[PDB]
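Undergrad: The structure under discussion is supplied below as structure tokens; questions concerning it will follow.
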Amino acid sequence: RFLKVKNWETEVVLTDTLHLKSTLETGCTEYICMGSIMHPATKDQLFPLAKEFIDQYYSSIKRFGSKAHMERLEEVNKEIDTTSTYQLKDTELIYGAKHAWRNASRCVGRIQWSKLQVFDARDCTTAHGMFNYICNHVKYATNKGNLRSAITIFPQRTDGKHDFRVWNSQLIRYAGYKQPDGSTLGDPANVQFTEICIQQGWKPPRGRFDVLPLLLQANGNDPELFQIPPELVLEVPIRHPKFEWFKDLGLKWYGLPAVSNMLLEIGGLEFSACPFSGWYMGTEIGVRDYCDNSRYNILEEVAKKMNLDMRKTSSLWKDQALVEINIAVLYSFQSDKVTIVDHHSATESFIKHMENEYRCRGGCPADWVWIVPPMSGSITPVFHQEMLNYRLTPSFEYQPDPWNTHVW
Amino acid sequence: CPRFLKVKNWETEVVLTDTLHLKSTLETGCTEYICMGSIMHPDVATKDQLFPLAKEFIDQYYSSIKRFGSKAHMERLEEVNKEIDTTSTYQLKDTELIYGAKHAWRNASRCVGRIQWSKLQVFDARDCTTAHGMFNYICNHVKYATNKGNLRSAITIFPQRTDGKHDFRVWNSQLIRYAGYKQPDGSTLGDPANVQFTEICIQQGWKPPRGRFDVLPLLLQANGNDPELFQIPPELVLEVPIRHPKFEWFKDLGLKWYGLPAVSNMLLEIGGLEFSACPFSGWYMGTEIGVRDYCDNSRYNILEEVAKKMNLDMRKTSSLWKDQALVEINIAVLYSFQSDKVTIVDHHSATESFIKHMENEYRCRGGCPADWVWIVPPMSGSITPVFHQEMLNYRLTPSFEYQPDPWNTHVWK
Ligand code: HEM
Ligand code: HEM
Ligand SMILES: COc1ccncc1CCCNCc1ccc2ccc(N)nc2c1
Ligand SMILES: COc1ccncc1CCCNCc1ccc2ccc(N)nc2c1
Ligand SMILES: C[C@H](O)[C@H](O)[C@H]1CNc2nc(N)[nH]c(=O)c2N1
Ligand SMILES: C[C@H](O)[C@H](O)[C@H]1CNc2nc(N)[nH]c(=O)c2N1
Ligand SMILES: [Zn+2]
């Protein structure tokens, strides 16, 4: 059936047909919704998946059923026979990567989906090679502050025993350290990964914002450590435009968000190493990175410097401090001419994107739980936008952390 | 379905196990291939439909009072079954009605206030026959629930549906709301959410003061008859003028709100019986007023005005002038209620209490259905514990349900 979604503020109603294409499960059933749950080959499985993908690719370039299309299916089928897998054409690799992003229901940044620089790293064979490809990625994507969306794609999975993996969750992240008094220095999210780097020979500076080394695994071998050249790591000192004391908090962050632990699936093929990057929405840093209790957890300090009454929750001291921190982050990046988008601008763009997708594509899968910003929700247009969530392929998928699988 | 579903809290790493979802009775809207978790909404029962619905409820009632399989249980079952046979409906005992109403609340996945579910004053209005009588029952409800500012949660239950041509209905969406008036020039005076209903009231004979905060009259339908208008005694309507503890100018905005949120357009379903008029009330979470009522663009929409008074830079969105004024407004709301000693809860306290509630429900009940999209407050989401809490949503009965607006279905006499 055609499904409709209403915006309760504008009363705009869109009609979804695209969902009829999905075949992957969402996790919900007729009786239980799991919308807030974080996460709910063989030759024989391989061909239909390949065919599906080739089909939509030749459909997208308006040459469905053409001679190129027929030969490609023929070529692919044959290749799956003789090798138990197949290799994507470059055009297919790029199409697939862009579409994985386009289909990412949790991403509010998808208006940019077709502007993705795709780096083909499928000829890589070693961790040193991965490091080279990653440096080039970081240098290209950072672009002196004028950030550019990019993805680097390493060889696909074969037997599962020879995976390429970036062990880092992002290319650039800060270390976190367990202190004898039980507190945590730096980013608590990374304490485990940090310990692993230390154990593998990394010499930690033991500061609050130590850029972690890269830990890179090629062809199933043990991972190897590398230091990203610092001149490639763009960082922003956080200051406030009114509170001159804010710089005294000693806060900073990195300009390039570059998620490195996801799995890219295209036409049945699995790319276990596909670091991709765009640019930040301010709340990612200002709200989550800085203010989550399990992260840098800075609210109380900021509230102190702001001299707020912190004896009662109903003074909303937390909320006030939250806004000021997010003002600072936006201001700091903007002042340093580093690309960043505020949650108001981003959500507007997403709404416009949704309309585009409904018009040109018949829908847009979207995860309201993720799309709505972690502050000021209902004063952003997405809060009021009904969304339908469903899984389309190619896609980005989660995968286990490599240190729970790897044998040394 | 799997017997054990786990939910995780990503902040505390606490894992809970749900078994109560097995008792799910109705559809979510979701399927295995699509999730409708952000969709707002995703003639009478025959005898054979009614039988299993009633037994399900009666069993559940007698199980709750630890008399399952007892002589009184079996007898009650037999009496109900016989009553359905001879009349094609049945009447709930007072005990069952009370248990049912409390459980409809306990089961309301969208409600963050459910720690309170067992403290609910139930008013049995099933003897009501006229709209004047409905007015009497509603006044008594308002006065009891208001309690001079020390608010008490309550529900008043009017007669259940029979053939569908004799429904009792409160046409108001809440017992106390402010009128909205569309102007010839396209502007709106008062609350834009209430323009349609206000128009209906005026058509029915109501004379509008045409102010910004005019309490609407009650429009009350008994036994399927045309609805009738009544004015709530103003002394029964407790209100709070909004002021700010720092900004002396905030009072000059002339904002106020009423103390008692009392939703009156929902349907209560118990054991397959339908109570189409069942107004209930609790107390406010500050954000309901300060974020939604005041700052929704399609509501009072005051952000710009507050921002101007705050001398904020409003040329760029990235100044976060909106976020800044939004906090100040919510501070003002909480401060004004606490100052006038009218019960209210901030989103921090409410969400923390709900997490404790949910954990206790998981331990004593085997689950707690929760709608994350609704449970997470409309501001400062991630700095509340509910944002980090995985939830399972499903529909248990007894329950509160939406129903169509009465002016769309009413057969005018
Ligand atoms: C270009 C600017 C972009 C912006 C502003 C943006 C914004 C966001 C934000 C705020 C999230 C929520 C993540 C979180 O809260 O932790 C997200 C999720 C996501 N984004 Fe985007 N994004 C951008 C580009 C990209 C690109 C280039 C890709 C891949 C090619 C991508 C793929 C994804 C995926 C797969 C998720 C879901 C993450 C998960 O499930 O953990 N995004 N995006
Ligand atoms: C006692 C204090 C209470 C608090 C603080 C509270 C809080 C809330 C809030 C903030 C919402 C979201 C509503 C919205 O954003 O529009 C809600 C929804 C809801 N509440 Fe509660 N509530 C309380 C009492 C009650 C009572 C007494 C009942 C019924 C007996 C109830 C049943 C419901 C239902 C059925 C919804 C869903 C609303 C809808 O879908 O339109 N609540 N509650
Ligand atoms: C409940 O949430 C979690 C639980 C466990 N692990 C991780 C998570 C959140 C996962 C974080 N995903 C983080 C991400 C991914 C892609 C992005 C693309 C662009 C951008 N600016 N930011 C992104 C940020
Ligand atoms: C998408 O949202 C809508 C769209 C159309 N109509 C109505 C709505 C929202 C429905 C309003 N629900 C409003 C409500 C219900 C029960 C409550 C109980 C206690 C309390 N403090 N507040 C409540 C507030
Ligand atoms: C439990 C819940 O699903 C979890 O906290 C989600 C909620 N929504 C989110 N939304 C975004 N953008 N990022 C997140 O990490 C999360 N976390
Ligand atoms: C489209 C979306 O489902 C809709 O705006 C919902 C979102 N969550 C909500 N949550 C609460 N508490 N109240 C609401 O009215 C809504 N509206
Ligand atoms: Zn769902």
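Simple scheme: letters A, B, ... for chains in structure tokens order, numbers from 1 for residues in each chain, numbers from 1 for ligands in the order shown.
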Taking 2 positions as the minimum chain separation for residues in the same chain, which residues sit within 9 Å of range 341-343 of chain A when counting only C-alpha atoms? Answer as a list in words.

TA: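 Close residues of range 341-343 of chain A: residues 279, 280, 281, 282, 283, 326, 330, 339, 345, 346, 347, 348, 372, 373, 375, 376 and 380 of chain A; 317, 318 and 320 of chain B.
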
Undergrad: Report the closest atom pair, with its distance in Å rounded to one decimal, for each residue of chain B that has an atom no farther than 12 Å from ligand 3; count only C-alpha atoms and all ligand atoms, sort by chain and then rising residue number, and write it as a Markdown table.

TA:
```
| residue | atom | partner | partner_atom_place_in_ligand_line | distance |
| --- | --- | --- | --- | --- |
| B:7 | CA | ligand 3 | 1 (C) | 11.4 |
| B:8 | CA | ligand 3 | 1 (C) | 9.2 |
| B:9 | CA | ligand 3 | 1 (C) | 8.5 |
| B:10 | CA | ligand 3 | 1 (C) | 6.1 |
| B:11 | CA | ligand 3 | 1 (C) | 8.9 |
| B:12 | CA | ligand 3 | 4 (C) | 11.7 |
| B:13 | CA | ligand 3 | 5 (C) | 10.3 |
| B:382 | CA | ligand 3 | 1 (C) | 10.9 |
| B:386 | CA | ligand 3 | 1 (C) | 11.8 |
| B:387 | CA | ligand 3 | 1 (C) | 9.1 |
| B:388 | CA | ligand 3 | 1 (C) | 6.9 |
| B:389 | CA | ligand 3 | 1 (C) | 8.7 |
| B:390 | CA | ligand 3 | 1 (C) | 8.3 |
| B:391 | CA | ligand 3 | 1 (C) | 11.7 |
```

Undergrad: Which residues come within 12 Å of residue 43 in chain A, counting only C-alpha atoms, excluding same-chain residues fewer than 2 positions away, as a list in words?

TA: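 That gives residues 41, 45, 46, 47, 48, 49, 50, 76, 77, 78, 79, 80, 81, 82, 83, 84, 85, 86, 158, 268 and 269 of chain A.
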
Undergrad: What does the structure give for the distance between CA of residue 386 in chain A and CA of residue 178 in chain B, in Å to one decimal?

TA: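 Going from CA of residue 386 in chain A over to CA of residue 178 in chain B covers 26.6 Å.
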
Undergrad: Quick one: residues within 10 Å of range 306-315 of chain B, only C-alpha atoms counted, chain neighbours fewer than 2 positions away excluded, as a list in words?

TA: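 Residues meeting the cut-off are residues 247, 249, 250, 253, 301, 302, 303, 304, 317, 318, 319, 320, 321, 322, 323, 324, 325, 326, 328 and 329 of chain B.
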
Undergrad: Would you mind exporting the chosen residues as a short mmCIF file (atom, residue, chain, number, x, y, z; two decimals), in the first residue's frame, restricted to C-alpha atoms?

TA:
```cif
data_model
loop_
_atom_site.label_atom_id
_atom_site.label_comp_id
_atom_site.auth_asym_id
_atom_site.auth_seq_id
_atom_site.Cartn_x
_atom_site.Cartn_y
_atom_site.Cartn_z
CA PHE B 247 13.93 39.31 33.82
CA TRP B 249 10.15 42.52 31.85
CA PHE B 250 8.95 38.94 31.37
CA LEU B 253 4.55 39.69 27.99
CA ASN B 301 4.96 31.14 18.93
CA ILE B 302 6.67 33.60 21.33
CA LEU B 303 10.38 32.89 20.69
CA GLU B 304 10.92 36.00 18.54
CA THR B 317 20.47 30.68 13.34
CA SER B 318 23.95 29.70 14.56
CA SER B 319 23.77 32.29 17.34
CA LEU B 320 21.27 29.81 18.87
CA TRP B 321 19.08 32.73 19.91
CA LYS B 322 16.06 30.43 19.75
CA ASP B 323 17.60 27.82 22.01
CA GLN B 324 18.60 30.54 24.43
CA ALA B 325 15.15 32.13 24.70
CA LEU B 326 13.51 28.69 24.91
CA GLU B 328 14.50 31.22 29.68
CA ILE B 329 10.83 30.67 28.88
#
```

Undergrad: Of the candidates B:74, B:202, B:53, B:111, which one gets nearest to ligand 6 if we count only C-alpha atoms and all ligand atoms?

TA: B:111

Undergrad: So which residues of range 274-361 of chain A fall under strand (DSSP E) by DSSP, listed as a list in words?

TA: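 Going through range 274-361 of chain A, the strand (DSSP E) residues come out as residues 276, 277, 280, 281, 340 and 341 of chain A.
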
Undergrad: Which residues of chain B sit at most 7 Å from chain A, using only C-alpha atoms? Give each one's shortest atom pair and distance in Å (one decimal place), in chain and ascending residue order, as CSV.

TA:
```
residue,atom,partner,partner_atom,distance
B:11,CA,A:294,CA,6.1
B:24,CA,A:31,CA,6.3
B:26,CA,A:31,CA,6.5
B:27,CA,A:31,CA,5.2
B:28,CA,A:31,CA,5.6
B:29,CA,A:30,CA,6.3
B:30,CA,A:30,CA,5.3
B:31,CA,A:29,CA,4.5
B:32,CA,A:29,CA,4.8
B:33,CA,A:25,CA,5.0
B:34,CA,A:390,CA,4.8
B:35,CA,A:389,CA,5.1
B:36,CA,A:388,CA,5.7
B:37,CA,A:35,CA,6.0
B:38,CA,A:386,CA,5.5
B:39,CA,A:386,CA,5.2
B:296,CA,A:379,CA,6.6
B:298,CA,A:9,CA,6.2
B:317,CA,A:344,CA,6.6
B:318,CA,A:342,CA,5.7
B:319,CA,A:327,CA,6.1
B:320,CA,A:327,CA,6.3
B:323,CA,A:376,CA,6.2
B:324,CA,A:323,CA,6.2
B:327,CA,A:320,CA,6.3
B:331,CA,A:315,CA,6.2
B:334,CA,A:314,CA,6.6
B:346,CA,A:314,CA,5.5
B:348,CA,A:313,CA,6.5
B:372,CA,A:36,CA,6.4
B:373,CA,A:369,CA,6.5
B:378,CA,A:377,CA,5.0
B:379,CA,A:376,CA,4.2
B:380,CA,A:375,CA,4.1
B:381,CA,A:374,CA,4.9
B:382,CA,A:374,CA,4.9
B:383,CA,A:292,CA,6.7
B:390,CA,A:37,CA,5.3
B:391,CA,A:36,CA,5.9
B:392,CA,A:34,CA,5.6
B:393,CA,A:33,CA,5.1
B:394,CA,A:32,CA,5.0
```

Undergrad: Check which residues fall inside 8 Å of ligand 1 when counting only C-alpha atoms and all ligand atoms, and print them as a PyMOL selection string.

TA: chain A and resi 97-98+100-101+104-110+112-113+116+148-151+262+276-281+283-284+288+340-341+346+370-371+373+395-398

Undergrad: Please compute the CA of residue 266 in chain B-CA of residue 278 in chain B distance, one decimal, in Å.

TA: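 CA of residue 278 in chain B lies 6.9 Å from CA of residue 266 in chain B.
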
Undergrad: Please compute the CA of residue 114 in chain B-CA of residue 401 in chain B distance, one decimal, in Å.

TA: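 About the pair CA of residue 114 in chain B and CA of residue 401 in chain B: they are 16.3 Å apart.
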
Undergrad: Env of residue 169 in chain B: 8 Å cut, atoms = only C-alpha atoms, seq-sep filter 5 positions within chain, self excluded. Answer as a PyMOL selection string.

TA: chain B and resi 220-222+265+276-277+406

Undergrad: Let's have the selection written as an mmCIF file, in the first residue's frame, with N, CA and C atoms.

TA:
```
data_model
loop_
_atom_site.group_PDB
_atom_site.id
_atom_site.type_symbol
_atom_site.label_atom_id
_atom_site.label_comp_id
_atom_site.auth_asym_id
_atom_site.auth_seq_id
_atom_site.Cartn_x
_atom_site.Cartn_y
_atom_site.Cartn_z
ATOM 1 N N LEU B 220 -20.859 19.348 25.607
ATOM 2 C CA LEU B 220 -21.041 18.057 26.267
ATOM 3 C C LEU B 220 -22.193 17.275 25.646
ATOM 4 N N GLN B 221 -21.891 16.048 25.237
ATOM 5 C CA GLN B 221 -22.855 15.210 24.538
ATOM 6 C C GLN B 221 -23.181 14.007 25.399
ATOM 7 N N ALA B 222 -24.464 13.830 25.709
ATOM 8 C CA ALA B 222 -24.903 12.691 26.505
ATOM 9 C C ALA B 222 -25.843 11.817 25.694
ATOM 10 N N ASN B 265 -10.715 13.896 25.212
ATOM 11 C CA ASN B 265 -11.183 13.385 23.923
ATOM 12 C C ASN B 265 -10.737 11.965 23.650
ATOM 13 N N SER B 276 -16.313 6.202 25.779
ATOM 14 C CA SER B 276 -15.992 7.258 24.819
ATOM 15 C C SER B 276 -15.881 8.632 25.481
ATOM 16 N N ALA B 277 -16.323 8.723 26.730
ATOM 17 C CA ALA B 277 -16.150 9.940 27.514
ATOM 18 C C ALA B 277 -15.550 9.558 28.857
ATOM 19 N N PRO B 406 -15.763 14.284 17.418
ATOM 20 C CA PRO B 406 -17.209 14.030 17.408
ATOM 21 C C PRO B 406 -18.014 14.830 16.369
#
```

Undergrad: If the limit is 10 Å from any atom of ligand 4, counting only C-alpha atoms and all ligand atoms, which residues qualify? Return them as a PyMOL selection string.

TA: (chain A and resi 6-9+383-386) or (chain B and resi 38-41+105+108+110-114+153+173-174+193+259-266+279-289+344-345+374+400+402)

Undergrad: Write the residues of the preceding selection, restricted to C-alpha atoms, as a JSON list (two decimals), in the first residue's frame.

TA:
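Result saved to part-v2.json:
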```json
[["chain", "number", "residue", "atom", "x", "y", "z"],
["A", 6, "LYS", "CA", 2.34, 14.24, 7.57],
["A", 7, "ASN", "CA", 4.21, 17.23, 8.88],
["A", 8, "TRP", "CA", 2.13, 18.43, 11.84],
["A", 9, "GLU", "CA", 3.42, 21.99, 11.72],
["A", 383, "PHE", "CA", 10.44, 16.96, 15.32],
["A", 384, "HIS", "CA", 7.09, 17.60, 13.64],
["A", 385, "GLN", "CA", 7.84, 15.52, 10.57],
["A", 386, "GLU", "CA", 6.39, 12.00, 10.51],
["B", 38, "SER", "CA", 7.15, 8.39, 14.55],
["B", 39, "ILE", "CA", 3.68, 8.26, 12.96],
["B", 40, "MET", "CA", 1.08, 10.01, 15.20],
["B", 41, "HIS", "CA", -1.73, 7.50, 14.54],
["B", 105, "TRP", "CA", -2.75, 4.61, 32.41],
["B", 108, "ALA", "CA", 0.06, 4.21, 28.18],
["B", 110, "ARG", "CA", 3.54, 7.62, 25.59],
["B", 111, "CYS", "CA", 3.18, 8.75, 29.20],
["B", 112, "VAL", "CA", 6.28, 9.75, 31.15],
["B", 113, "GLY", "CA", 4.23, 10.35, 34.32],
["B", 114, "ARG", "CA", 3.27, 6.72, 34.94],
["B", 153, "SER", "CA", -4.66, 12.85, 39.35],
["B", 173, "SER", "CA", -9.97, 18.05, 23.63],
["B", 174, "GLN", "CA", -9.11, 19.17, 27.16],
["B", 193, "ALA", "CA", -4.58, 24.89, 17.95],
["B", 259, "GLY", "CA", -2.80, 24.65, 36.18],
["B", 260, "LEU", "CA", -4.75, 21.52, 35.22],
["B", 261, "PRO", "CA", -4.07, 19.44, 32.10],
["B", 262, "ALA", "CA", -7.23, 17.43, 31.69],
["B", 263, "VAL", "CA", -7.51, 15.46, 28.46],
["B", 264, "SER", "CA", -11.10, 14.74, 27.48],
["B", 265, "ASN", "CA", -11.18, 13.38, 23.92],
["B", 266, "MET", "CA", -9.73, 9.93, 24.41],
["B", 279, "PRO", "CA", -11.79, 12.81, 30.92],
["B", 280, "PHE", "CA", -8.63, 12.45, 33.04],
["B", 281, "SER", "CA", -6.10, 14.85, 34.52],
["B", 282, "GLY", "CA", -2.68, 14.85, 36.14],
["B", 283, "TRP", "CA", -0.28, 17.76, 36.38],
["B", 284, "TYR", "CA", 2.06, 19.41, 33.89],
["B", 285, "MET", "CA", 5.65, 18.76, 32.91],
["B", 286, "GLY", "CA", 6.99, 22.28, 32.38],
["B", 287, "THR", "CA", 8.06, 21.67, 28.79],
["B", 288, "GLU", "CA", 4.50, 20.96, 27.72],
["B", 289, "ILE", "CA", 3.77, 24.65, 28.28],
["B", 344, "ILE", "CA", 4.48, 21.02, 38.21],
["B", 345, "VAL", "CA", 7.47, 18.82, 37.31],
["B", 374, "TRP", "CA", 7.08, 10.73, 23.07],
["B", 400, "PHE", "CA", -6.49, 4.78, 26.22],
["B", 402, "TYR", "CA", -7.66, 7.99, 20.06]]
```

Undergrad: With only C-alpha atoms and all ligand atoms as the basis for distance, which of B:377, B:42, B:205, B:241 is at the shortest distance from ligand 7?

TA: B:42

Undergrad: Pull the helix (DSSP H, G or I) assignments for range 18-189 of chain B out of DSSP run on the backbone, and list those residues as an MDAnalysis selection string.

TA: chainID B and resid 20:23 47:64 71:87 94:106 114:116 131:149

Undergrad: Which one is closest to residue 18 in chain A: A:2, A:226, A:164, A:403? Count only C-alpha atoms.

TA: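 Of the candidates, the smallest distance to residue 18 in chain A is held by A:2.
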